[PDB]
Every structure is written in C-alpha cells, then in structure tokens.
>>> print(open('run.txt').read())   # compact mmCIF, C-alpha atoms
# COMPACT_ATOMS: atom_id res chain seq x y z
CA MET A 1 0.00 0.00 0.00
CA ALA A 2 1.86 3.10 1.23
CA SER A 3 5.57 3.56 0.66
CA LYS A 4 7.82 2.45 3.48
CA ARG A 5 9.59 5.11 5.56
CA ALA A 6 13.12 5.20 6.97
CA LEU A 7 14.64 7.46 9.64
CA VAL A 8 18.43 7.88 9.30
CA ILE A 9 19.87 9.57 12.40
CA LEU A 10 22.86 11.76 11.48
CA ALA A 11 25.25 12.89 14.22
CA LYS A 12 28.51 14.81 14.12
CA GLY A 13 31.34 12.40 13.38
CA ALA A 14 29.17 9.92 11.50
CA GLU A 15 30.87 7.90 8.77
CA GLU A 16 29.64 9.71 5.66
CA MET A 17 29.88 6.63 3.41
CA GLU A 18 27.74 4.66 5.89
CA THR A 19 25.22 7.52 5.84
CA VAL A 20 25.04 8.21 2.11
CA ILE A 21 25.11 4.62 0.77
CA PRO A 22 22.03 3.51 2.78
CA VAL A 23 20.13 6.76 2.11
CA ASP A 24 20.77 6.53 -1.65
CA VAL A 25 20.08 2.80 -1.98
CA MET A 26 16.88 3.07 0.10
CA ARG A 27 15.67 5.95 -2.10
CA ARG A 28 16.43 3.82 -5.18
CA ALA A 29 14.08 1.24 -3.62
CA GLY A 30 11.29 3.84 -3.35
CA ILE A 31 11.58 4.17 0.44
CA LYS A 32 10.81 7.64 1.80
CA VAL A 33 13.99 8.45 3.73
CA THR A 34 14.33 11.25 6.29
CA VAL A 35 17.92 12.22 7.11
CA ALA A 36 17.44 13.66 10.60
CA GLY A 37 20.11 15.72 12.32
CA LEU A 38 20.71 14.70 15.92
CA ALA A 39 21.78 18.23 16.90
CA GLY A 40 19.15 20.14 14.93
CA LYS A 41 18.57 21.36 11.39
CA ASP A 42 22.11 22.55 10.66
CA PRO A 43 24.71 20.89 8.43
CA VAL A 44 26.59 17.96 9.94
CA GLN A 45 30.38 17.55 9.81
CA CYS A 46 31.03 13.86 9.20
CA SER A 47 34.11 11.87 10.23
CA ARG A 48 36.06 12.56 6.99
CA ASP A 49 34.80 16.18 6.83
CA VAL A 50 32.05 15.72 4.26
CA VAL A 51 29.30 18.13 5.32
CA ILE A 52 25.73 16.89 4.84
CA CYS A 53 22.59 19.02 5.22
CA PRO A 54 19.88 16.99 6.97
CA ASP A 55 16.31 16.95 5.71
CA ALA A 56 15.01 17.78 9.20
CA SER A 57 16.06 17.96 12.81
CA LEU A 58 15.61 14.78 14.80
CA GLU A 59 13.40 16.83 17.13
CA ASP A 60 10.96 17.41 14.27
CA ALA A 61 11.39 14.06 12.50
CA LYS A 62 10.72 12.07 15.67
CA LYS A 63 7.22 13.61 15.84
CA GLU A 64 6.49 12.33 12.30
CA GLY A 65 6.76 8.60 12.97
CA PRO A 66 6.32 5.74 12.99
CA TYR A 67 9.08 4.58 10.66
CA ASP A 68 9.48 1.14 9.11
CA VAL A 69 13.22 1.25 9.83
CA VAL A 70 15.48 3.33 12.06
CA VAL A 71 19.04 3.42 10.68
CA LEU A 72 22.16 4.17 12.72
CA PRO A 73 25.29 4.92 10.66
CA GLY A 74 28.66 4.27 12.20
CA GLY A 75 31.74 6.39 12.67
CA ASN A 76 33.29 6.13 16.13
CA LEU A 77 32.35 9.69 17.22
CA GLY A 78 28.96 9.59 15.51
CA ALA A 79 28.04 6.38 17.33
CA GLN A 80 29.23 7.88 20.63
CA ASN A 81 26.90 10.86 20.03
CA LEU A 82 24.00 8.49 19.22
CA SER A 83 24.79 6.50 22.38
CA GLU A 84 24.59 9.63 24.58
CA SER A 85 21.25 10.86 23.22
CA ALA A 86 18.05 10.49 25.25
CA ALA A 87 16.07 11.21 22.07
CA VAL A 88 17.75 8.28 20.31
CA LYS A 89 17.03 6.07 23.33
CA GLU A 90 13.32 6.92 23.16
CA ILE A 91 13.09 6.37 19.39
CA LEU A 92 14.84 3.00 19.54
CA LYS A 93 12.77 1.79 22.49
CA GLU A 94 9.57 2.80 20.68
CA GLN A 95 10.73 1.06 17.49
CA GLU A 96 11.57 -2.10 19.42
CA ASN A 97 8.23 -1.99 21.27
CA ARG A 98 6.28 -1.81 17.99
CA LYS A 99 8.34 -4.62 16.43
CA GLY A 100 9.94 -2.37 13.83
CA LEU A 101 13.28 -2.90 12.12
CA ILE A 102 16.44 -1.33 13.56
CA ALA A 103 19.56 -1.31 11.38
CA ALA A 104 23.05 -0.27 12.50
CA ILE A 105 26.50 -0.46 10.87
CA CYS A 106 30.18 -0.48 11.96
CA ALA A 107 30.30 1.31 15.36
CA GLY A 108 26.59 2.10 15.07
CA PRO A 109 25.49 -1.08 16.87
CA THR A 110 27.22 0.12 20.05
CA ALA A 111 24.36 2.63 20.42
CA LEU A 112 22.05 -0.40 20.71
CA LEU A 113 24.13 -1.49 23.71
CA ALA A 114 24.03 1.99 25.24
CA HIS A 115 20.22 2.06 24.97
CA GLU A 116 19.72 -1.59 26.00
CA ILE A 117 18.14 -2.52 22.64
CA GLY A 118 17.88 -6.03 21.25
CA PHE A 119 19.75 -7.95 23.95
CA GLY A 120 20.07 -11.64 23.17
CA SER A 121 20.41 -11.01 19.42
CA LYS A 122 23.22 -12.09 17.18
CA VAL A 123 25.01 -8.97 15.94
CA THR A 124 28.06 -7.92 13.99
CA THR A 125 30.09 -4.71 14.17
CA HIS A 126 33.33 -3.37 12.80
CA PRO A 127 36.12 -5.62 14.15
CA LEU A 128 37.46 -2.70 16.21
CA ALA A 129 34.02 -2.13 17.82
CA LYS A 130 33.56 -5.76 18.94
CA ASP A 131 34.91 -5.34 22.48
CA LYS A 132 32.71 -2.31 23.16
CA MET A 133 29.61 -4.06 21.79
CA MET A 134 30.32 -7.26 23.72
CA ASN A 135 30.85 -5.60 27.13
CA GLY A 136 28.61 -7.60 29.46
CA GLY A 137 27.86 -10.40 27.00
CA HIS A 138 24.43 -9.02 26.08
CA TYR A 139 24.70 -10.06 22.41
CA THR A 140 26.24 -13.00 20.54
CA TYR A 141 28.90 -11.93 18.08
CA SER A 142 28.89 -12.73 14.37
CA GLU A 143 31.53 -12.23 11.67
CA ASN A 144 28.96 -12.22 8.87
CA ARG A 145 29.21 -9.13 6.68
CA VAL A 146 25.51 -8.49 7.36
CA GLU A 147 23.74 -10.11 10.31
CA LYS A 148 19.99 -10.15 10.90
CA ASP A 149 18.37 -11.67 13.96
CA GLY A 150 14.70 -10.82 13.76
CA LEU A 151 14.32 -7.05 13.82
CA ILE A 152 18.01 -6.26 14.64
CA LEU A 153 20.02 -5.85 11.42
CA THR A 154 23.74 -5.10 11.73
CA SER A 155 26.79 -4.84 9.49
CA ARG A 156 30.53 -4.27 9.67
CA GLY A 157 32.04 -1.32 7.79
CA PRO A 158 32.10 1.07 4.83
CA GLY A 159 32.80 -1.88 2.55
CA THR A 160 29.68 -3.72 3.73
CA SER A 161 27.42 -0.67 3.33
CA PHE A 162 25.87 -1.75 0.00
CA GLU A 163 25.12 -5.22 1.41
CA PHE A 164 23.65 -3.59 4.54
CA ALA A 165 21.48 -1.20 2.55
CA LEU A 166 20.23 -3.96 0.23
CA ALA A 167 19.39 -6.10 3.29
CA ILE A 168 17.22 -3.24 4.58
CA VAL A 169 15.54 -3.03 1.16
CA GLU A 170 14.94 -6.79 1.16
CA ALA A 171 13.45 -6.68 4.66
CA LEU A 172 11.05 -3.85 3.80
CA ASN A 173 10.25 -4.29 0.09
CA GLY A 174 11.23 -7.91 -0.65
CA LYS A 175 13.97 -9.83 -2.41
CA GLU A 176 12.84 -8.95 -5.94
CA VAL A 177 12.98 -5.18 -5.34
CA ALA A 178 16.39 -5.61 -3.70
CA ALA A 179 17.65 -7.53 -6.75
CA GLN A 180 16.29 -4.91 -9.16
CA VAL A 181 17.92 -2.08 -7.18
CA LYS A 182 21.20 -4.01 -6.97
CA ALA A 183 21.78 -4.66 -10.67
CA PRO A 184 22.44 -1.07 -11.87
CA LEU A 185 24.94 -0.51 -9.05
CA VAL A 186 27.71 -2.65 -10.63
CA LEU A 187 28.48 -4.49 -7.40
CA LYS A 188 30.99 -7.33 -7.58
CA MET B 1 57.46 15.56 0.34
CA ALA B 2 54.21 17.57 0.38
CA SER B 3 50.83 15.89 0.65
CA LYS B 4 49.07 15.20 -2.62
CA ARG B 5 46.01 17.28 -3.52
CA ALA B 6 42.73 16.27 -5.17
CA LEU B 7 40.01 18.43 -6.74
CA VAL B 8 36.56 16.78 -6.70
CA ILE B 9 34.12 18.73 -8.90
CA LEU B 10 30.58 18.56 -7.47
CA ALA B 11 27.64 19.47 -9.71
CA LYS B 12 23.90 19.32 -9.17
CA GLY B 13 22.68 15.82 -9.90
CA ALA B 14 25.98 14.14 -9.04
CA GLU B 15 25.79 10.60 -7.70
CA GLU B 16 26.36 11.21 -3.99
CA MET B 17 27.90 7.77 -3.36
CA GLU B 18 30.41 8.38 -6.17
CA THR B 19 31.24 11.74 -4.58
CA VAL B 20 31.51 10.72 -0.93
CA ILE B 21 33.33 7.38 -1.31
CA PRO B 22 36.29 8.88 -3.22
CA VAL B 23 36.47 11.97 -0.98
CA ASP B 24 36.47 9.85 2.20
CA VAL B 25 38.89 7.20 0.95
CA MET B 26 41.30 9.84 -0.41
CA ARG B 27 41.23 11.66 2.95
CA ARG B 28 41.97 8.33 4.68
CA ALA B 29 45.06 8.18 2.44
CA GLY B 30 46.21 11.61 3.66
CA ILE B 31 45.34 13.38 0.40
CA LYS B 32 44.19 16.99 0.79
CA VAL B 33 40.80 16.92 -0.96
CA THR B 34 38.86 20.00 -2.06
CA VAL B 35 35.18 19.38 -2.79
CA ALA B 36 34.49 22.22 -5.22
CA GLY B 37 30.98 23.26 -6.17
CA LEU B 38 30.51 23.77 -9.90
CA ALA B 39 27.77 26.37 -9.36
CA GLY B 40 29.38 28.23 -6.46
CA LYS B 41 29.72 27.89 -2.70
CA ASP B 42 26.16 26.78 -1.95
CA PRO B 43 24.96 23.29 -0.99
CA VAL B 44 24.55 20.81 -3.84
CA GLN B 45 21.47 18.63 -4.35
CA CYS B 46 22.74 15.25 -5.50
CA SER B 47 20.90 12.71 -7.65
CA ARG B 48 19.26 10.89 -4.69
CA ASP B 49 18.63 14.17 -2.82
CA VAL B 50 21.55 14.01 -0.40
CA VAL B 51 22.66 17.64 0.03
CA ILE B 52 26.42 18.19 0.34
CA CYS B 53 28.08 21.48 1.30
CA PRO B 54 31.20 22.01 -0.82
CA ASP B 55 34.47 23.13 0.71
CA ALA B 56 34.79 25.91 -1.89
CA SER B 57 33.36 27.13 -5.15
CA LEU B 58 35.05 25.79 -8.27
CA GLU B 59 35.70 29.42 -9.19
CA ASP B 60 37.89 29.79 -6.09
CA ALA B 61 39.33 26.26 -6.02
CA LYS B 62 40.50 26.45 -9.64
CA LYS B 63 42.78 29.37 -8.71
CA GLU B 64 44.44 27.21 -6.02
CA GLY B 65 45.92 24.53 -8.27
CA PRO B 66 47.67 22.58 -9.48
CA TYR B 67 46.10 19.35 -8.25
CA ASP B 68 47.60 15.86 -8.41
CA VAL B 69 44.20 14.47 -9.44
CA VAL B 70 40.97 15.94 -10.79
CA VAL B 71 38.00 13.69 -9.95
CA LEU B 72 34.68 13.66 -11.82
CA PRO B 73 31.86 11.83 -10.02
CA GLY B 74 29.04 10.39 -12.08
CA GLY B 75 25.30 10.73 -11.94
CA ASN B 76 23.66 11.30 -15.32
CA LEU B 77 22.64 14.94 -14.63
CA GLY B 78 25.85 15.74 -12.75
CA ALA B 79 27.97 14.54 -15.66
CA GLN B 80 25.82 16.55 -18.09
CA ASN B 81 26.49 19.67 -15.98
CA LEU B 82 30.24 18.90 -15.94
CA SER B 83 30.14 18.39 -19.73
CA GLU B 84 28.54 21.82 -20.30
CA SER B 85 31.02 23.77 -18.15
CA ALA B 86 33.73 25.91 -19.75
CA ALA B 87 35.49 26.02 -16.36
CA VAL B 88 35.64 22.22 -16.26
CA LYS B 89 36.98 22.19 -19.84
CA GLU B 90 39.81 24.55 -18.87
CA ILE B 91 40.72 22.60 -15.73
CA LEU B 92 40.79 19.26 -17.53
CA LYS B 93 42.83 20.62 -20.45
CA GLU B 94 45.34 22.13 -18.01
CA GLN B 95 45.54 18.86 -16.07
CA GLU B 96 46.11 16.89 -19.27
CA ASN B 97 48.74 19.38 -20.47
CA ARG B 98 50.73 19.03 -17.24
CA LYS B 99 50.48 15.21 -17.32
CA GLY B 100 48.31 15.03 -14.21
CA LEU B 101 45.87 12.27 -13.31
CA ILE B 102 42.20 12.58 -14.28
CA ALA B 103 39.74 10.15 -12.70
CA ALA B 104 36.07 9.76 -13.66
CA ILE B 105 33.36 7.24 -12.70
CA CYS B 106 30.03 5.94 -14.12
CA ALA B 107 28.66 8.72 -16.38
CA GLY B 108 31.55 10.99 -15.34
CA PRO B 109 33.82 9.88 -18.20
CA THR B 110 31.36 11.35 -20.72
CA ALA B 111 32.60 14.79 -19.61
CA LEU B 112 36.02 13.72 -20.92
CA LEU B 113 34.39 13.20 -24.32
CA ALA B 114 32.62 16.57 -24.15
CA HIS B 115 35.92 18.33 -23.43
CA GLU B 116 37.99 16.24 -25.88
CA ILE B 117 40.21 14.82 -23.11
CA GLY B 118 42.28 11.67 -23.36
CA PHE B 119 41.26 10.49 -26.83
CA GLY B 120 42.85 7.18 -27.78
CA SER B 121 42.70 5.87 -24.21
CA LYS B 122 41.04 2.72 -23.01
CA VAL B 123 38.13 3.70 -20.76
CA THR B 124 35.20 2.18 -18.93
CA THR B 125 31.88 3.73 -17.92
CA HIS B 126 28.58 2.60 -16.50
CA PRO B 127 27.08 0.14 -19.02
CA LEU B 128 24.26 2.61 -19.74
CA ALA B 129 26.79 5.40 -20.53
CA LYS B 130 28.80 3.35 -23.05
CA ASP B 131 27.00 4.56 -26.18
CA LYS B 132 27.38 8.22 -25.20
CA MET B 133 31.08 7.78 -24.38
CA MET B 134 31.77 5.84 -27.58
CA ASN B 135 30.10 8.34 -29.96
CA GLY B 136 32.73 8.91 -32.65
CA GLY B 137 35.02 6.07 -31.59
CA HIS B 138 37.45 8.36 -29.75
CA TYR B 139 38.15 5.84 -26.96
CA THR B 140 38.45 2.05 -26.76
CA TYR B 141 35.91 0.51 -24.42
CA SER B 142 36.75 -1.71 -21.46
CA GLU B 143 34.54 -3.78 -19.15
CA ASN B 144 37.10 -3.76 -16.34
CA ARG B 145 35.65 -2.48 -13.06
CA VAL B 146 38.48 0.08 -12.96
CA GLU B 147 40.45 0.98 -16.09
CA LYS B 148 43.65 3.01 -16.18
CA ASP B 149 45.43 3.96 -19.38
CA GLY B 150 48.23 6.28 -18.40
CA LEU B 151 46.76 9.36 -16.76
CA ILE B 152 43.07 8.55 -17.58
CA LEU B 153 41.50 6.49 -14.77
CA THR B 154 37.87 5.41 -15.16
CA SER B 155 35.37 3.17 -13.41
CA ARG B 156 31.82 1.89 -13.77
CA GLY B 157 29.31 2.59 -10.98
CA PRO B 158 28.47 3.09 -7.32
CA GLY B 159 29.54 -0.49 -6.65
CA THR B 160 33.00 0.12 -8.13
CA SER B 161 33.55 3.36 -6.17
CA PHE B 162 35.81 1.82 -3.50
CA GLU B 163 37.96 0.16 -6.17
CA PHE B 164 38.09 3.47 -8.08
CA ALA B 165 39.07 5.46 -5.00
CA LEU B 166 41.75 2.95 -4.00
CA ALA B 167 43.14 3.05 -7.55
CA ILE B 168 43.50 6.84 -7.20
CA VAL B 169 45.27 6.31 -3.86
CA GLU B 170 47.59 3.73 -5.43
CA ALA B 171 48.42 6.06 -8.32
CA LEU B 172 49.25 8.99 -6.04
CA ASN B 173 50.60 7.42 -2.83
CA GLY B 174 51.58 3.87 -3.86
CA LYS B 175 50.31 0.33 -3.45
CA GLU B 176 51.30 0.00 0.22
CA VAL B 177 49.30 3.06 1.31
CA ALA B 178 46.34 1.82 -0.74
CA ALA B 179 46.53 -1.58 0.98
CA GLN B 180 46.74 0.01 4.43
CA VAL B 181 43.73 2.25 3.72
CA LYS B 182 41.79 -0.70 2.29
CA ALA B 183 42.03 -3.09 5.24
CA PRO B 184 39.88 -1.19 7.80
CA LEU B 185 37.10 -0.73 5.23
CA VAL B 186 35.90 -4.38 5.38
CA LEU B 187 35.74 -4.74 1.60
CA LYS B 188 34.94 -8.19 0.23
>>> encode(input="run.txt", output="structure tokens")
Amino acid sequence: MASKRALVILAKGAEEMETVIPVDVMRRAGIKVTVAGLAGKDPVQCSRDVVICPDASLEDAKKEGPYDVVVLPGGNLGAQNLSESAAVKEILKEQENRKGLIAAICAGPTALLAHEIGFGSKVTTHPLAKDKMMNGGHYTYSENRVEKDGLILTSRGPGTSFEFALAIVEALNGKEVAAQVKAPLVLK
Amino acid sequence: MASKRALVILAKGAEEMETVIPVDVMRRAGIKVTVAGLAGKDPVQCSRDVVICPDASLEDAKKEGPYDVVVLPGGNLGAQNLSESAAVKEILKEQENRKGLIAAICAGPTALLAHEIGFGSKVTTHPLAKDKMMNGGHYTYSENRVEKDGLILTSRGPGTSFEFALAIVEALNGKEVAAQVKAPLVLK
C-alpha cells in the first residue's frame, strides 16, 4: 500500500559513506527516507569532513513517525553521540516496542548497547568495535558481513554498506525489489 | 614531500555515493581533498537528494591549483552539468597538459568526451553510458571495473567506487598506502 519510511539519524562524526550509501540505496528502492540531524537542522560535519545538510532535525522528525526502519550509521564519534542521546534512546525503544526494524552499521550497533536494545540477538560490528559491543555479554557476536536476527540488522564497515542497505531493502520491500535495485549498481 | 592534492568537482545531480566514497577514501590516504561546487559555494542537491556542502566554489578552487588528481563523479545529470562547463573544460585541459591524473566514474567519463580529453585511451563507464562515451570512436571501451590507461583512470558505478578510489590512492601514494587504507574498510 503506502511507501515504506526510513529514519536515518545523522550525528557529528558519522561515517559519511555509511550515511550516504544507505540513504541513496533506500531511495532507489522507493523508500521515503528522512535524514534527521541529531543536533538540529544545521549541516553535519562527518568523520572525513564531508558536510551533509539533513532533511530535518531529529526533534521534528521524531514527531512524524512511525518509521518502518530506524538506521544508525557508524563512525566512532557519531556512534558515541548516538549513544549519549536520550532522544535516540526513546526512538529506539519505541521502534523495538512496535516490532519495527532497527539497522546499525560499523560502530553504530554500540548505540544499541548503550540504549539496552535487542539484547540476546546475534550482531556484527566493525572488528574494532567488537569489544565495546560485547561488554557484558548481552549479544552473541557474528563475523557475517551483514547479520539479521529478527528485527536487529547489523553490518561491519564502509565496505559492507551496500550489502547492509540492500538487506534493509529486502526486509522492507522484498527480495525482488532488492535484486532490481542491486543490478544497476555494478556491485561485484 | 608535500601531501598530494585532489580536486573533486561537485555538480547538481551528481551521484552522492560516487562523490563521498572517493572523498572519504582519499582523505583516509592523507590526500588533501577539495570538494568544489561547480555552481558556487552553496549546498549541492545530489541525484538521490543528499545535500552536500562544498568546501569551496570551483571558481575559487580552480585558482588554487595545481592538483595531483581531478576527480569527476558520475550521476547522469551531474555529468551533463560537468560536460557543459567551460570552467571544467579549462581545468581538464590544463591537467592533461601538465600530465596530471584525471579520474572519472560511471557517467563521469562522458565529460572527458565533451571536453575532448584523453582520446585514444582505453576507458570504462557505466554500461548505460557506453554509447554516449563511444560516440565517434574516440576511446576504446573496457569492461574492467576500474580501467587506467596512463593518466586517464575510469570506473563503472556506485559499486565500483571503493575500487576506483583505492586506484586513485595507489596512483598517487603507492600500493602499500592503498593496501593500508583498504584493510579497515571491510571490503569483500
């Protein structure tokens, strides 16, 4: 019926590749994506100094839910900002309560730990984020490039971002749409 | 001695993944990258509606050369804007005259045709951009994911952007730096 909707939460220090690849691929799949700035409406300085203008502040976007997926990019500093945010905590807890998809990549999954989301799930992260994610043994670790355990979808790094984004597309719009979106990308 | 320098020319309708992946990977390699807005200093609306704030206008950045590489992202409309620009023509002709690297991805190489750059080189493009690039037979076509014929470096699509960016890094900073930058990315 209606198009699916994605909320991508963009914090200072986010990995810009892990932000842009999922936004672009989801839009190719017809998903209505809102890039929401954690700090407000102003441009966001990403980890490698690409500056991205969000579509909306998180403050405004959070009042326009519910979303079919909430997406957490990585970047070490971006994920730390997501992990410290009470607004992010509330959004993720609401998404979990309504059985909606949550997708996080690289260091992004460590914000799930910070907000006590999805405990008892298999997850992956960037190799360098494993110890942080695994503090307390609240998840089971996976080395798969993309991991999905029910409604918790995780992935490892910039180089897994296309696979991550296509897994989101498959979860929301089905395998055929994901395959059709994939072919023009010239993935290996 | 001094750090290498890259000029990335960002036009309305550029493919944002093909802009951000090379910028980020080149910065990981220590290259000083200037994201220069074709139209001026203002934010640029990319093909999938990601909005990127350039570091400088092209008008200003072009006066701060020379650059070790000039990079042309793709996106059908972005490449058409690059192809119509007299400023881009001048920059590319200067870069060719001084035997500097020119790198273009997806539809980006069609701006080389428009500006009569690198004729007689092997090149690749996105499959859907082949006919435009090959009009007149001025290049020899390749299906390699990245193609490099001397100082003309080309590639095929969003899904070849990491390979493209790492090829630029290898050309400017050597194979060892490219390998060191590659490993943390979690490429397949």
>>> residues_near_point(input="run.txt", point="(16.4, 2.6, -2.6)", cutoff="12 Å", atoms="all atoms listed in the file", output="ChimeraX atom specification")
/A:3-6,20-33,162,164-170,172-174,177-182,184-185 /B:48-49
>>> residues_near_point(input="run.txt", point="(24.4, -2.0, 28.6)", cutoff="9 Å", atoms="only C-alpha atoms", output="ChimeraX atom specification")
/A:112-117,119,133,135-136,138
>>> atom_distance(input="run.txt", atom1="CA of residue 14 in chain A", atom2="CA of residue 107 in chain A")
9.5 Å
>>> atom_distance(input="run.txt", atom1="CA of residue 81 in chain B", atom2="CA of residue 12 in chain B")
7.3 Å
>>> residues_around(input="run.txt", residues="residue 99 in chain B", least_positions_apart="5", cutoff="10 Å", atoms="all atoms listed in the file", output="PyMOL selection string")
chain B and resi 68+93-94+150-152
>>> residues_around(input="run.txt", residues="residue 129 in chain A", least_positions_apart="2", cutoff="8 Å", atoms="all atoms listed in the file", output="list in words")
residues 106, 107, 110, 125, 126, 127, 131, 132 and 133 of chain A
>>> atom_distance(input="run.txt", atom1="CA of residue 159 in chain A", atom2="CA of residue 36 in chain A")
23.3 Å
>>> closest_residue(input="run.txt", among="A:17, A:71, A:88, A:187", to="residue 161 in chain A", atoms="only C-alpha atoms")
A:17
>>> residues_around(input="run.txt", residues="residue 35 in chain A", least_positions_apart="6", cutoff="7 Å", atoms="only C-alpha atoms", output="PDB file with C-alpha atoms, in the coordinates of the input")
ATOM      1  CA  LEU A   7      14.640   7.460   9.640  1.00  0.00           C
ATOM      2  CA  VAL A   8      18.430   7.880   9.300  1.00  0.00           C
ATOM      3  CA  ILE A   9      19.870   9.570  12.400  1.00  0.00           C
ATOM      4  CA  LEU A  10      22.860  11.760  11.480  1.00  0.00           C
ATOM      5  CA  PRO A  54      19.880  16.990   6.970  1.00  0.00           C
ATOM      6  CA  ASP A  55      16.310  16.950   5.710  1.00  0.00           C
ATOM      7  CA  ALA A  56      15.010  17.780   9.200  1.00  0.00           C
TER       8      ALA A  56
END
>>> axis_aligned_box(input="run.txt", around="range 41-51 of chain A", padding_each_side="4 Å", output="AutoDock Vina command-line options")
--center_x 27.3 --center_y 17.2 --center_z 7.8 --size_x 25.5 --size_y 18.7 --size_z 15.1
>>> closest_residue(input="run.txt", among="A:146, A:34, A:121, A:51", to="chain B", atoms="all atoms listed in the file")
A:51
>>> residues_around(input="run.txt", residues="residue 74 in chain A", least_positions_apart="3", cutoff="10 Å", atoms="all atoms listed in the file", output="ChimeraX atom specification")
/A:10-11,13-19,47,71,77-80,82,104-111,125-126,155-158
>>> residues_around(input="run.txt", residues="residue 91 in chain B", least_positions_apart="4", cutoff="12 Å", atoms="only C-alpha atoms", output="PyMOL selection string")
chain B and resi 7-9+38+58-59+61-67+69-72+82+85-87+95-98+100-102+111-112+115+117
>>> closest_residue(input="run.txt", among="B:171, B:103, B:92, B:53", to="chain A", atoms="all atoms listed in the file")
B:53
>>> build_atoms(input="run.txt", residues="range 85-100 of chain B", atoms="N, CA, C and O atoms", output="compact mmCIF listing (two decimals), in the frame of the given file")
# COMPACT_ATOMS: atom_id res chain seq x y z
N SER B 85 30.30 22.72 -18.85
CA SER B 85 31.02 23.77 -18.15
C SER B 85 32.34 24.13 -18.84
O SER B 85 33.24 23.30 -18.93
N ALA B 86 32.47 25.40 -19.23
CA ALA B 86 33.73 25.91 -19.75
C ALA B 86 34.84 25.87 -18.69
O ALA B 86 36.01 25.65 -19.03
N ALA B 87 34.49 26.09 -17.42
CA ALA B 87 35.49 26.02 -16.36
C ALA B 87 36.05 24.61 -16.23
O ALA B 87 37.27 24.43 -16.09
N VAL B 88 35.18 23.60 -16.30
CA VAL B 88 35.64 22.22 -16.26
C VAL B 88 36.54 21.93 -17.46
O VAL B 88 37.59 21.29 -17.32
N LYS B 89 36.15 22.40 -18.65
CA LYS B 89 36.98 22.19 -19.84
C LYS B 89 38.39 22.71 -19.60
O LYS B 89 39.38 22.03 -19.88
N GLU B 90 38.50 23.93 -19.07
CA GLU B 90 39.81 24.55 -18.87
C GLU B 90 40.63 23.76 -17.86
O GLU B 90 41.83 23.54 -18.06
N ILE B 91 40.01 23.35 -16.76
CA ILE B 91 40.72 22.60 -15.73
C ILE B 91 41.23 21.28 -16.28
O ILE B 91 42.38 20.89 -16.03
N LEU B 92 40.38 20.56 -17.02
CA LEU B 92 40.79 19.26 -17.53
C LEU B 92 41.89 19.40 -18.58
O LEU B 92 42.83 18.60 -18.62
N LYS B 93 41.80 20.42 -19.44
CA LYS B 93 42.83 20.62 -20.45
C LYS B 93 44.16 21.00 -19.81
O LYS B 93 45.22 20.56 -20.26
N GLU B 94 44.12 21.81 -18.74
CA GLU B 94 45.34 22.13 -18.01
C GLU B 94 45.92 20.88 -17.35
O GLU B 94 47.13 20.66 -17.39
N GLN B 95 45.06 20.07 -16.73
CA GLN B 95 45.54 18.86 -16.07
C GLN B 95 46.18 17.91 -17.08
O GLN B 95 47.25 17.35 -16.82
N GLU B 96 45.54 17.74 -18.23
CA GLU B 96 46.11 16.89 -19.27
C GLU B 96 47.44 17.46 -19.75
O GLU B 96 48.42 16.71 -19.92
N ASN B 97 47.52 18.78 -19.95
CA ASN B 97 48.74 19.38 -20.47
C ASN B 97 49.92 19.20 -19.53
O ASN B 97 51.06 19.10 -19.98
N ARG B 98 49.67 19.19 -18.22
CA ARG B 98 50.73 19.03 -17.24
C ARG B 98 50.92 17.58 -16.82
O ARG B 98 51.65 17.30 -15.86
N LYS B 99 50.29 16.65 -17.53
CA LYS B 99 50.48 15.21 -17.32
C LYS B 99 50.02 14.79 -15.92
O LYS B 99 50.64 13.95 -15.27
N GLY B 100 48.92 15.38 -15.48
CA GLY B 100 48.31 15.03 -14.21
C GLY B 100 47.15 14.06 -14.36
O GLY B 100 46.47 14.03 -15.39
